[PDB]
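Comments concern the structure below.
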Amino acid sequence: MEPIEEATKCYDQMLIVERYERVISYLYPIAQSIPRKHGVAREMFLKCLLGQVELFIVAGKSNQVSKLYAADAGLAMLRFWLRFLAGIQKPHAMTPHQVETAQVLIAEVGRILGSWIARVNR
Amino acid sequence: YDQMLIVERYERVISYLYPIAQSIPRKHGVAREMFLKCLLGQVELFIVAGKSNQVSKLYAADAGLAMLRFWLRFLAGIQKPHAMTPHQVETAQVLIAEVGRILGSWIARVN
Amino acid sequence: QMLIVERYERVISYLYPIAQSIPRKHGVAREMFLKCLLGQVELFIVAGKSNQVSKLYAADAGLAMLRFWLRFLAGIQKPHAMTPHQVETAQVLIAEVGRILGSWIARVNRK
Amino acid sequence: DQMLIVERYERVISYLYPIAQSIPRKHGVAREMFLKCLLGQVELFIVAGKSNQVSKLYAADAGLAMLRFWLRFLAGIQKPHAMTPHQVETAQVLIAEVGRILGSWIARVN
Amino acid sequence: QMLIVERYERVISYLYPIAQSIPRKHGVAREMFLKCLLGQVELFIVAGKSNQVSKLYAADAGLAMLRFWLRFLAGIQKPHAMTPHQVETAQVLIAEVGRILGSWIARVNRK
Amino acid sequence: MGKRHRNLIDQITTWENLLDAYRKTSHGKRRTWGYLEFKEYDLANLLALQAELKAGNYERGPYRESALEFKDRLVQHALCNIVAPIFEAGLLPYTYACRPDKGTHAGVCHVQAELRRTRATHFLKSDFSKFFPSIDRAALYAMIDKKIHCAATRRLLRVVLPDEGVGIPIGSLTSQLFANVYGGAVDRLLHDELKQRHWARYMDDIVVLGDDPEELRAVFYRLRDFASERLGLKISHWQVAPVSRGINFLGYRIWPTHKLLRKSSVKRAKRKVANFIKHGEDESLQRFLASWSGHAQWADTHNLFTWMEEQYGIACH
RNA sequence: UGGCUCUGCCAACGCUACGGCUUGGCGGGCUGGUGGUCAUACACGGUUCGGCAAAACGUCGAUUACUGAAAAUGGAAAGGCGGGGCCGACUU
RNA sequence: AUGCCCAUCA
């Protein structure tokens, strides 16, 4: 059969997207729980959350290190967004537990991104 | 050929997925607008690719196809109400795989 | 530039009425079509100023995507929004701005 | 300098924003896109002034040119009338004033 | 300098409540203001992952645009306007971030 | 259908089964090149696999050495979802290997229990020399064939495991099953012929509590003669001691009373492997691995060999 | 998902090409289980004790009889042999 | 096959 081969296969992008999918699968539900008002914050958070996958994916195919740093900037921004919906969203958006859960999930993707940045940097 | 071929095959993806992507409820509205921008905006990615004869543009056409396959995965997840049934993911993946084949041959033809 | 935009004004003046026929159902495709249609003016303009051919090819990609939008709105959009006639007449107008864009491409890549 | 252009462009915004909020919902995408061109050209000016590449001073000119397009487009857009020709004339005067300042600034850099 | 973000996060904490206050009436201004406010964090973040002065000037441009937004939202009419107090008592906050940005620009410029 | 089972390839390739096979094959392999390259177009891949099996055009991708590609481990999981429960149901209850709700513990507990009741006074412990590398793969397919009866499952079984050799490529899902089935033949020379009722077999190790140490020695002679003539496996270690040695069964030393466990060259090996990895010496590790795979083929180091293959990717078999 | 290119009514930040639009209210409309990670306690594990072994389960009979040229992806059974099963007791 | 931890569901 030999699975449908996409081109430009970077194990790291595949692994990192797969692990980032767990971030999305966690944070997306609580991004969608943010009320009516705080809709713009949500839409911007969702475009940061769901849009980091594209950052990783384009980094994997177009092998250029700038795109890997753009993926880090998007995650670093996702880490900011955690802080934001945690407190600044005045009607509670994320429970402190949820920030702790997601921060680790984001950090696993962080490690993989770091290793990937490093293996490319050499 | 090539760019013509890719996109008449990709039009079938759109023709299958655009109905699916217009059914996604307003609740999942950001995902929808971004999925639709990924689906219908991939044509521009192909168009730019066959207007440069540069492989980085056909690799960012592959990235877009890969992101589209992410969207399938993701929209099959979104436990909230829902959207793409797994059959639709399966059918779309077949269609995107055919576009994948043509992209691969095109990447190779350029190589 | 000035003449490309004035001839693209005609595309918009033909197509914008067509994009406002698209019903509530396809309201999310419309916004994307309108951003492609009305947003190609910026692509032309930014190339008119900064004459780097990079900006000029993005204008060509946008015209090509606008041609895709015609095919899509004529058929793939299920109540085939653009009638085949409307696609024909729009493609004539887009072809006129296509000609001017091609001549402009050629005038820039003289050497 | 960025401060002068922006204060003079603030007058464009202060004239056009009320007008661009009156654009009917029928032409709602065009409106939101016009508003994002109108407020949003401020960022183009500001980026041009807080840095310097002259490409940023051309992107500001492109935005002013796009804003001029929006005027001519909204003038005679359809049956739910938008910007009346008088409003286009008045706005074009204000945009021309910021156009002159932009041109002088492009020249002083060049 | 990551006290930048953690000082800016009090700008956000002050401005986001009054940016979500801006009525629908001023919806495009709001969306653009919110994307300027909450999206400045990305500008800082990119600057701190590179320490290129270009990205540092882009952060300054964003702070300058945020200052514009304050003055714009002031005279936005109706009982729906950023009160003059808030314009001044956020300009203070943005000025504190401005000071640190300036010192950071200087630290980099005189390496 | 009572013996029969003459239409399994219909159920092996039911879509809803290949999705189970897919989710089973991806359990924790979710960071292998295989999953991640398959996951891309997963359901289009399963549609070209379903329709490769549904035709009789499945051909096993090479055994990387004995790991498999994700497509294959999925085919193996899709076999061993229909084929395993028609073998693991003939496996006598006292077979404690690779069958759900039996295992390491229910075996040691059965032994201890059957040691307390019956009050055994002796025991025969035996072990098959090099079990998997000596399974007939031929008189195996006279047991995979008194049960499958479907001439297409049989040809998929024969792709996933050729009928021509003497080496069950050790450690598959199709090979754990077929080794239990295989060693189930000696269970049916203990329980059926020979009529001994206090035993346990965990893959290749076979405890046989008695009361007459001379009967155990008989049982063993009969077991060896059988497994030499009918299966082709020799007995590495055996002993007939009282339950004062404490049956060295499954990592424990199981008296009727207490149940001391045991120590671990495991640790020496794990450390040796880990060191070899973080020494850049992953080529003398294959020599060491081959060595320790011999010291542990008498033992029951399937789970451990999977585990060490999962820590990295170096195929132990 | 603070939506709507969505209407009716009714007001005004307003704007009008003077019809309206916008914008605000105001109605209706459309809108324990499962997964996933990770690598002699000298007293009993419900690893208890009896009864049963009919049934179902396992196995053998058996890919046999039988049917149909032919088992051909039809197909037993009496029976034997198990306990894995059953029924209580007591505990879990 | 084992537990620990975790996530969700009830």
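Assorted remarks:
- Ranking of F:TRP307, F:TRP255, B:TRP71 by count of other Cβ atoms within 10 Å, fewest first: F:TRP307, F:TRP255, B:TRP71
- Neighbour counting of Cβ atoms within 10 Å sorts the residues C:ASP60, F:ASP211, fewest neighbours leading, into F:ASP211, C:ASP60.
- Residues whose placed amide H lies under 5 Å from that of A:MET94, excluding near-sequence neighbours: A:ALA86
- Listed by chain and number, the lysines whose alpha-carbon sits under 17 Å from that of F:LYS130, ignoring those within fewer than 8 places in the same chain, are F:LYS234.
- Taking amide H atoms as placed 1.01 Å from N in the peptide plane, the amide H of F:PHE123 lies under 5 Å from those of F:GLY210, F:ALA241, each 5 or more residues away in sequence or on another chain.
- Alpha carbon centroid spacing (whole Å) that separates region F:87-120 from region C:9-23: 77 Å
- According to the Kirkwood relation over distinct C-alpha pairs, the hydrodynamic radius of region F:93-260 is 16.4 Å.
- In the protein assembly as shown, the DSSP beta bridges split such that about 95 percent are antiparallel, to the nearest 5.
- Here is the P(r) of chain C: all C-alpha pair distances, binned every 10 Å from 0, give 15, 48, 27, 10, 1 in whole percents.
- For B:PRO25, net neighbour charge (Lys/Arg +1, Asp/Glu -1) across residues whose Cβ lies under 13 Å away: +3
- Here the Karplus curve 6.51 cos²θ - 1.76 cosθ + 1.60, taken at θ = phi - 60°, turns the phi angles of region F:18-32 into couplings of 5, 6, 5, 3, 4, 5, 6, 5, 8, 2, x, 7, 6, 10, 9 Hz, with x standing for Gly and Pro.
- In straight-distance terms, cross-link reach from E:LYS49 covers every one of the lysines whose alpha-carbon lies under 25 Å from its own, apart from those fewer than eight places away in the same chain; here that gives A:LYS47, A:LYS61, A:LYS67, D:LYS50, D:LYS56, E:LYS35, E:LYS111.
- Extent of region D:6-87 along its three principal axes (Cα atoms, max minus min coordinate, largest first): 43, 21, 20 Å.
- Residues D:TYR9, A:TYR20, sorted so that the one with the fewest Cβ neighbours within 10 Å comes first: A:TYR20, D:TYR9
- Backbone amide hydrogens, once placed in the peptide plane, bring D:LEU39 within less than 5 Å of nothing, excluding anything fewer than 5 places away on its chain.
- Cβ neighbours within 10 Å from other chains - mean over C:95-101: 0
- Computed 3J(HN,Hα) for region A:46-62, one whole-Hz value per residue from the Karplus formula 6.51 cos²θ - 1.76 cosθ + 1.60 where θ = phi - 60°, is 4, 6, 7, 6, 5, x, 6, 4, 4, 4, 4, 4, 5, 4, x, 6, 6, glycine and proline marked x.
- Taking each DSSP H run with n ≥ 4 as -39500 (n - 2.57) and averaging over every residue of the protein assembly as shown yields -21000 deg cm²/dmol at 222 nm.
- Phi to ³J(HN,Hα) by Karplus 6.51 cos²θ - 1.76 cosθ + 1.60 over region F:215-224, Hz, x for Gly, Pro: 5, 4, 4, 4, 2, 4, 3, 5, 5, 5
- Using C-alpha pairs below 8 Å separated by at least 6 residues, the relative contact order for chain A is 33 percent.
Since every read-out is calculated from the coordinates, none of them should be taken as a lab result. Neighbour counts run over all protein chains shown; Cβ positions are idealised from the backbone, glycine included.
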